[PDB]
Each structure stands twice: as C-alpha cells, then as structure tokens.
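Have a look at protein_11.txt below; it lists compact mmCIF, C-alpha atoms.
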```
# COMPACT_ATOMS: atom_id res chain seq x y z
CA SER A 19 0.00 0.00 0.00
CA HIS A 20 1.21 3.50 -0.83
CA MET A 21 -0.88 5.02 1.96
CA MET A 54 1.16 6.90 4.52
CA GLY A 55 -0.51 5.60 7.67
CA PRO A 56 -1.72 7.76 10.55
CA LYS A 57 -1.60 11.51 10.04
CA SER A 58 0.78 13.56 12.17
CA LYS A 59 1.11 17.22 13.01
CA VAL A 60 4.07 19.14 11.71
CA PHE A 61 6.07 20.19 14.79
CA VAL A 62 8.05 23.39 14.20
CA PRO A 63 10.69 24.59 16.67
CA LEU A 64 10.63 28.03 15.12
CA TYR A 65 13.77 29.50 16.65
CA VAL A 66 14.31 31.60 13.54
CA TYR A 67 14.54 35.28 14.36
CA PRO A 68 11.47 37.01 12.77
CA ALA A 69 13.28 39.47 10.54
CA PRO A 70 11.06 40.55 7.64
CA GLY A 71 10.58 37.55 5.36
CA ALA A 72 12.31 35.10 7.70
CA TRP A 73 9.17 33.10 8.51
CA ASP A 74 7.95 33.07 4.90
CA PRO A 75 8.92 29.44 4.27
CA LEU A 76 6.68 28.42 7.15
CA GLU A 77 3.80 30.65 6.16
CA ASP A 78 4.06 29.32 2.63
CA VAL A 79 3.55 25.69 3.66
CA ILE A 80 0.85 26.59 6.20
CA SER A 81 -1.07 28.33 3.40
CA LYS A 82 -0.40 25.57 0.86
CA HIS A 83 -1.57 22.81 3.23
CA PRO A 84 -4.62 24.00 5.18
CA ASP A 85 -5.39 20.33 5.94
CA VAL A 86 -2.10 19.89 7.85
CA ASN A 87 -1.94 20.91 11.52
CA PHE A 88 1.16 22.76 12.64
CA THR A 89 2.42 23.01 16.21
CA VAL A 90 4.75 26.00 16.23
CA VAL A 91 7.01 26.84 19.16
CA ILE A 92 8.11 30.44 19.37
CA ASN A 93 10.97 31.48 21.56
CA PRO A 94 11.98 35.12 21.82
CA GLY A 95 14.88 34.50 24.23
CA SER A 96 14.80 31.07 25.90
CA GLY A 97 11.43 32.30 27.07
CA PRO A 98 9.27 35.34 26.42
CA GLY A 99 12.09 37.73 27.31
CA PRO A 100 12.57 40.20 30.15
CA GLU A 101 9.59 42.46 29.32
CA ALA A 102 5.84 42.03 29.03
CA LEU A 103 6.02 41.94 25.23
CA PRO A 104 8.65 40.67 22.80
CA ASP A 105 10.31 42.94 20.25
CA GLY A 106 8.65 44.64 17.30
CA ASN A 107 9.60 41.92 14.85
CA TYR A 108 7.90 39.31 17.04
CA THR A 109 4.87 41.52 17.61
CA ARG A 110 4.49 41.94 13.83
CA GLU A 111 5.07 38.31 12.81
CA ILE A 112 3.36 36.30 15.55
CA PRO A 113 -0.16 37.56 14.74
CA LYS A 114 0.34 36.59 11.09
CA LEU A 115 0.91 32.97 12.07
CA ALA A 116 -1.78 33.04 14.74
CA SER A 117 -4.31 34.06 12.08
CA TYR A 118 -4.17 30.59 10.48
CA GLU A 119 -6.65 28.13 11.92
CA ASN A 120 -4.31 25.17 11.33
CA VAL A 121 -1.55 26.68 13.46
CA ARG A 122 -1.16 26.20 17.19
CA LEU A 123 1.47 28.51 18.61
CA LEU A 124 3.19 27.57 21.85
CA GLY A 125 5.40 29.70 24.05
CA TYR A 126 8.83 28.24 24.92
CA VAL A 127 9.54 28.01 28.66
CA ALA A 128 12.68 26.45 30.12
CA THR A 129 12.51 24.19 33.20
CA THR A 130 16.18 23.18 33.57
CA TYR A 131 15.28 19.54 34.29
CA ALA A 132 12.70 20.70 36.83
CA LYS A 133 15.40 22.44 38.85
CA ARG A 134 14.29 25.90 37.76
CA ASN A 135 12.36 27.69 40.49
CA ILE A 136 8.69 27.11 39.77
CA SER A 137 7.86 30.77 40.43
CA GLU A 138 10.21 31.74 37.58
CA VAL A 139 8.67 29.16 35.29
CA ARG A 140 5.25 30.53 36.22
CA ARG A 141 6.36 34.11 35.48
CA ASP A 142 7.24 33.02 31.96
CA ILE A 143 3.93 31.18 31.45
CA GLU A 144 2.00 34.21 32.69
CA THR A 145 4.01 36.57 30.49
CA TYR A 146 2.97 34.69 27.34
CA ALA A 147 -0.58 34.45 28.62
CA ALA A 148 -0.81 38.21 29.12
CA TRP A 149 0.47 39.01 25.62
CA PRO A 150 -2.96 39.67 24.02
CA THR A 151 -4.14 41.90 26.87
CA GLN A 152 -0.80 43.72 27.26
CA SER A 153 -0.74 44.45 23.52
CA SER A 154 -4.49 44.93 22.98
CA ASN A 155 -4.00 42.54 20.06
CA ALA A 156 -6.02 39.36 20.31
CA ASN A 157 -3.74 37.64 17.76
CA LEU A 158 -0.55 38.37 19.67
CA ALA A 159 -1.03 35.20 21.65
CA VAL A 160 -0.11 31.57 22.07
CA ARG A 161 -2.37 28.57 22.66
CA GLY A 162 -0.16 26.71 25.10
CA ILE A 163 3.33 26.19 26.41
CA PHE A 164 6.34 24.15 25.33
CA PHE A 165 8.38 23.20 28.43
CA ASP A 166 11.99 22.55 27.48
CA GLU A 167 14.38 20.31 29.37
CA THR A 168 11.88 18.27 31.32
CA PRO A 169 13.52 15.39 33.25
CA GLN A 170 13.64 11.76 32.19
CA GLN A 171 14.00 10.19 35.60
CA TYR A 172 10.92 9.44 37.66
CA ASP A 173 10.60 11.18 41.01
CA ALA A 174 7.36 11.94 42.85
CA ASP A 175 8.38 15.55 43.52
CA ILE A 176 9.13 16.07 39.85
CA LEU A 177 5.78 14.59 38.90
CA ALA A 178 4.10 17.06 41.29
CA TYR A 179 6.06 19.94 39.75
CA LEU A 180 5.06 18.98 36.22
CA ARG A 181 1.42 18.49 37.23
CA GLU A 182 1.39 21.91 38.85
CA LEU A 183 2.75 23.44 35.65
CA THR A 184 0.00 21.79 33.63
CA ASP A 185 -2.58 23.16 36.07
CA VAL A 186 -1.10 26.62 35.61
CA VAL A 187 -1.23 26.40 31.83
CA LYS A 188 -4.79 25.03 31.83
CA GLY A 189 -5.96 27.67 34.32
CA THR A 190 -4.37 30.85 32.98
CA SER A 191 -6.44 33.15 30.81
CA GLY A 192 -4.74 34.01 27.53
CA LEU A 193 -3.55 30.49 26.63
CA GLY A 194 -6.92 29.33 25.30
CA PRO A 195 -8.82 27.82 23.86
CA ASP A 196 -6.41 24.89 23.76
CA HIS A 197 -4.14 25.43 26.76
CA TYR A 198 -1.79 22.92 25.14
CA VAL A 199 1.16 21.47 27.06
CA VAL A 200 4.24 19.98 25.40
CA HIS A 201 7.27 18.60 27.21
CA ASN A 202 10.75 18.20 25.76
CA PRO A 203 12.91 15.75 27.69
CA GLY A 204 14.82 15.24 24.44
CA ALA A 205 14.84 11.49 25.13
CA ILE A 206 12.44 8.92 26.54
CA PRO A 207 11.18 9.86 30.02
CA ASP A 208 9.54 7.55 32.52
CA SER A 209 6.12 6.79 31.11
CA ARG A 210 4.34 8.25 34.15
CA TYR A 211 5.21 11.70 32.85
CA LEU A 212 3.49 11.24 29.49
CA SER A 213 -0.04 11.83 30.77
CA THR A 214 0.95 15.22 32.24
CA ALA A 215 1.43 16.69 28.74
CA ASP A 216 -0.50 16.67 25.49
CA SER A 217 2.71 15.68 23.69
CA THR A 218 6.23 14.80 24.73
CA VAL A 219 9.32 15.03 22.54
CA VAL A 220 10.81 11.61 23.20
CA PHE A 221 13.41 11.73 20.43
CA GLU A 222 15.48 14.82 19.60
CA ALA A 223 18.69 13.89 17.84
CA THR A 224 20.44 13.26 14.57
CA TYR A 225 19.28 10.86 11.91
CA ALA A 226 22.43 8.82 12.62
CA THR A 227 21.30 8.38 16.21
CA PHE A 228 17.77 7.51 15.09
CA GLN A 229 19.21 4.71 12.96
CA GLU A 230 21.57 3.49 15.66
CA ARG A 231 18.51 2.92 17.85
CA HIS A 232 16.63 1.17 14.99
CA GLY A 233 14.34 4.04 14.21
CA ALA A 234 10.68 3.55 14.97
CA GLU A 235 11.55 0.43 16.97
CA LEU A 236 12.85 2.66 19.77
CA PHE A 237 9.30 3.92 20.29
CA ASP A 238 8.09 0.35 20.88
CA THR A 239 10.15 0.25 24.09
CA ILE A 240 8.03 2.92 25.75
CA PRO A 241 5.38 1.39 28.02
CA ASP A 242 1.93 2.88 28.71
CA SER A 243 2.18 5.06 25.63
CA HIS A 244 0.36 5.91 22.43
CA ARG A 245 1.58 7.75 19.34
CA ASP A 246 -0.85 10.61 20.14
CA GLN A 247 1.31 11.41 23.18
CA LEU A 248 4.62 11.51 21.32
CA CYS A 249 6.72 13.83 19.21
CA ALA A 250 9.86 13.09 17.22
CA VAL A 251 12.50 15.60 16.18
CA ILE A 252 15.09 14.32 13.71
CA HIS A 253 17.73 16.71 12.42
CA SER A 254 20.96 16.26 10.46
CA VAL A 255 19.29 14.00 7.91
CA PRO A 256 21.77 13.31 5.06
CA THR A 257 20.70 14.99 1.84
CA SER A 258 20.65 11.56 0.15
CA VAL A 259 17.55 10.76 2.19
CA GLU A 260 15.39 12.34 -0.50
CA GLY A 261 12.52 11.36 -2.81
CA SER A 262 11.13 7.95 -2.01
CA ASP A 263 13.79 7.51 0.70
CA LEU A 264 12.37 10.54 2.54
CA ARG A 265 8.82 9.27 1.95
CA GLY A 266 9.79 6.03 3.69
CA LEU A 267 11.28 7.87 6.66
CA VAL A 268 8.20 10.06 7.08
CA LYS A 269 5.89 7.03 6.92
CA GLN A 270 7.98 5.16 9.50
CA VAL A 271 7.85 8.06 11.96
CA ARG A 272 4.14 8.77 11.38
CA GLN A 273 3.38 5.31 12.69
CA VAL A 274 4.87 6.06 16.10
CA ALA A 275 4.66 9.83 16.67
CA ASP A 276 1.71 12.19 16.21
CA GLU A 277 3.98 15.27 15.91
CA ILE A 278 7.12 15.29 13.77
CA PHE A 279 9.93 17.62 12.72
CA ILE A 280 12.49 16.37 10.19
CA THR A 281 15.28 18.50 8.75
CA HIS A 282 18.36 18.01 6.64
CA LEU A 283 20.24 20.83 8.40
CA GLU A 284 23.11 19.68 10.63
CA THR A 285 23.86 23.19 11.95
CA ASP A 286 21.30 25.75 13.17
CA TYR A 287 18.61 23.17 12.56
CA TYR A 288 15.97 25.12 14.54
CA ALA A 289 17.01 28.50 13.15
CA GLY A 290 16.59 27.94 9.44
CA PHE A 291 14.69 25.80 6.96
CA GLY A 292 16.16 22.62 5.58
CA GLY A 293 16.64 22.05 1.89
CA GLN A 294 13.72 19.60 1.76
CA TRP A 295 11.35 21.46 4.07
CA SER A 296 8.62 21.80 1.44
CA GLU A 297 9.01 18.13 0.45
CA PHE A 298 8.78 17.07 4.09
CA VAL A 299 5.57 19.01 4.63
CA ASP A 300 4.14 17.66 1.34
CA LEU A 301 4.75 14.14 2.65
CA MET A 302 3.09 15.05 5.94
CA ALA A 303 0.08 16.20 3.87
CA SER A 304 -0.02 12.87 2.01
```
Would you mind writing the structure in this file as structure tokens?
Amino acid sequence: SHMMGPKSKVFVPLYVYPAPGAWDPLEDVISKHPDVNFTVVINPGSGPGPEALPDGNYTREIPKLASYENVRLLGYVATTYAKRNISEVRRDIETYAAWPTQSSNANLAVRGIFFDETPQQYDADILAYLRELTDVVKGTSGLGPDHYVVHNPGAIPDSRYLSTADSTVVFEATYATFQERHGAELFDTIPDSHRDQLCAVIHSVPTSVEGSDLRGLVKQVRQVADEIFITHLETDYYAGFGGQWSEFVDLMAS
C-alpha cells in the first residue's frame, strides 16, 4: 500500500529570528496545506524575554501565524530539568498568557506552552512539579482555547510523565542516532504510551535521504509519533529551513 498511515502534526521549533521575510517558508507551507496541523514553538529569548512583550519583529510576525486556523502557537519556557524555580517558570507562562491583553492585540497570543528540558527520571516531587505546571497552563487566561502542554525531555522519560502533557518530545537527535537505535523500533520500548502522546524531532538527515527515501522515513515516523519535525540541516537546525522542508511538509500532507 502506498498510503502513509496515521496523520501527524508538523512540529516546528521556530527558533528563527522574525526578521522581515524570515518566517515566509513556514507561512508558505501553512497556506499551501490547510489540511495539515502545525504546532509552532516560538521562543523570543529562551522564554518570552525580560519584558511584558517581545520585540517589534515578534509583535508583527506572531499575529500573522496566529491568524491561520491550522496553526497552534506555543510559548517556549525552560525548566532546567525541573530544577528551575517554579515561580520563575510561572512568570514566563504568565508573560505569554498576558500578551494579548498587554498588547491589545487578540492575535498576539499563544495557545499553550512548550516546556523545554523536562527530566527523564521518575521522582514523585518532579511529577508534582510537572502536574502543577500543567494546572497553571490550563488555568491561565490568555492560553486558550487549547491550553496545550508539550514537554521536551529530548529522550524517553519515565512513562508516568506522558499523561501530564498533550505531547512529549521523546526523540530529539540526529538521523544517525535515530538509525543506531533502529528508528521507529525505539518507540516500541516505551510502556503505557500511544503515538498521540509523542513527538519526534530528527535533524541532520543526510541529503541523500530524498525522494522515495524521505517518503519512507516520514511514513515510519508517522506510525509512532503524532507530531514530527524532520530537517536536513546539521547546523542551526531550529534556526533555518532545511533544503527539503517543502518536500517534508508535502509528505506530511499525504
């Protein structure tokens, strides 16, 4: 069968600075593929920055993306492996949440939070910390309607953490590493899990993984992860668009 299996969201760690035109390659595929859902993490400065609003480039460009119904913007918030003081994490959540009211622009807003550097190891105190953060996201005006929560442990965490987030990035590494761990098979090791809970980020894909070879990779990952980012960049892979970005999104639309 040439069917691609379960549909996945395109996950976009959009750590490209929003100079005029810089986000065009993303807007172009969002517009071309209204049937594809995009989860887009924005990140002014490892967080929302030191002020109530981000800079004028962000305030111009964010509403343009937010205007598309198939986009779900998330604000990046660091947790430093749950060692970051929870009051500081909360300040960052609340800063994003207040964006539309602080700016008087309803489209200068995010629909949830992406928590970077969540821990892998199980500990009851960490679970309580993560659950509290989810409660904060779900209860804070300005992050609706979705109040989405994504975690990025950058590796497989204890499965008890998965239900505290809408999605967890359980693979964030090079294509070489993906292959060393037998690709989609690595996901089969995760107990008490479902693809709808999981995100995969694969960078540094060799350019020879193209055409039908890229189609095969996308299909393999779609089976196991409901949100996916794949890029052929090996440097600055979250701060620019890979040479097969449009092809990747086309395959996600297939």
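Nearest-residue note for residue 189 in chain A: choosing from A:149, A:231, A:216, A:143, the minimum distance belongs to A:143, counting only C-alpha atoms.
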message = Please compute the CA of residue 229 in chain A-CA of residue 79 in chain A distance, one decimal, in Å.
response = 27.8 Å
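Take the candidates A:87, A:81, A:109, A:137 and check each one against residue 61 in chain A using all atoms listed in the file; the shortest distance goes to A:87.
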request  = Grab the CA of residue 96 in chain A to CA of residue 58 in chain A distance for me, in Å with one decimal place.
outcome  = 26.3 Å
Interface rows for range 176-256 of chain A against range 88-95 of chain A: nearest pair, Å to one decimal, 12 Å, all atoms listed in the file, as a Markdown table:
```
| residue | atom | partner | partner_atom | distance |
| --- | --- | --- | --- | --- |
| A:196 | CA | A:89 | CA | 11.8 |
| A:198 | CA | A:89 | CA | 9.9 |
| A:199 | CA | A:89 | CA | 11.0 |
| A:200 | CA | A:91 | CA | 9.7 |
| A:201 | CA | A:91 | CA | 11.5 |
| A:202 | CA | A:91 | CA | 11.5 |
| A:216 | CA | A:89 | CA | 11.6 |
| A:217 | CA | A:89 | CA | 10.5 |
| A:249 | CA | A:89 | CA | 10.6 |
```
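Our summary of the geometry notes that CA of residue 114 in chain A is positioned 21.8 Å from CA of residue 292 in chain A.
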message = Set the distance at 8 Å and use only C-alpha atoms: which residues neighbour residue 159 in chain A once local chain neighbours fewer than 2 positions away are removed? I'd like the list as a PyMOL selection string.
response = chain A and resi 112-113+116+123+146-147+149-150+156-157+161+192-193
For C-alpha atoms, I'd like the residues from the last selection saved as a PDB file, in the coordinates of the input.
```pdb
ATOM      1  CA  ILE A 112       3.360  36.300  15.550  1.00  0.00           C
ATOM      2  CA  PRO A 113      -0.160  37.560  14.740  1.00  0.00           C
ATOM      3  CA  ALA A 116      -1.780  33.040  14.740  1.00  0.00           C
ATOM      4  CA  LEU A 123       1.470  28.510  18.610  1.00  0.00           C
ATOM      5  CA  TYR A 146       2.970  34.690  27.340  1.00  0.00           C
ATOM      6  CA  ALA A 147      -0.580  34.450  28.620  1.00  0.00           C
ATOM      7  CA  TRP A 149       0.470  39.010  25.620  1.00  0.00           C
ATOM      8  CA  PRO A 150      -2.960  39.670  24.020  1.00  0.00           C
ATOM      9  CA  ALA A 156      -6.020  39.360  20.310  1.00  0.00           C
ATOM     10  CA  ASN A 157      -3.740  37.640  17.760  1.00  0.00           C
ATOM     11  CA  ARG A 161      -2.370  28.570  22.660  1.00  0.00           C
ATOM     12  CA  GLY A 192      -4.740  34.010  27.530  1.00  0.00           C
ATOM     13  CA  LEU A 193      -3.550  30.490  26.630  1.00  0.00           C
TER      14      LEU A 193
END
```
message = Show me, as a ChimeraX atom specification, the residues that have an atom within 8 Å of range 206-209 of chain A when counting all atoms listed in the file, minus same-chain residues fewer than 5 positions from it.
response = /A:169-172,219-221,240-243
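If only C-alpha atoms are the atoms counted, then among A:122, A:244, A:110, A:282 the closest residue to residue 71 in chain A is A:110.
In this comparison, which uses all atoms listed in the file, the residue of A:121, A:278, A:128, A:76 approaching residue 164 in chain A most closely is A:128.
Residue nearest residue 247 in chain A within the list A:223, A:271, A:215, A:174: A:215 [criterion: smallest interatomic distance, all atoms listed in the file].
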query = Need the neighbours of (0.7, 20.7, 3.9): which residues are at most 8 Å away, counting all atoms listed in the file, as number ranges by chain?
reply = A: 79-86, 299-303
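Take the candidates A:273, A:281, A:168, A:19 and check each one against residue 130 in chain A using all atoms listed in the file; the shortest distance goes to A:168.
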message = Given the point (7.9, 17.6, 41.0) in the coordinates of this file, which residues lie within 12 Å, counting only C-alpha atoms, and how would they look as a VMD selection string?
response = chain A and resid 129 131 to 136 168 to 169 171 to 184 211 214
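Near residue 103 in chain A, within 9 Å and counting all atoms listed in the file, sit residues 98, 99, 108, 109, 145, 146, 148, 149, 152 and 153 of chain A, not including residues fewer than 4 positions from it in the same chain.
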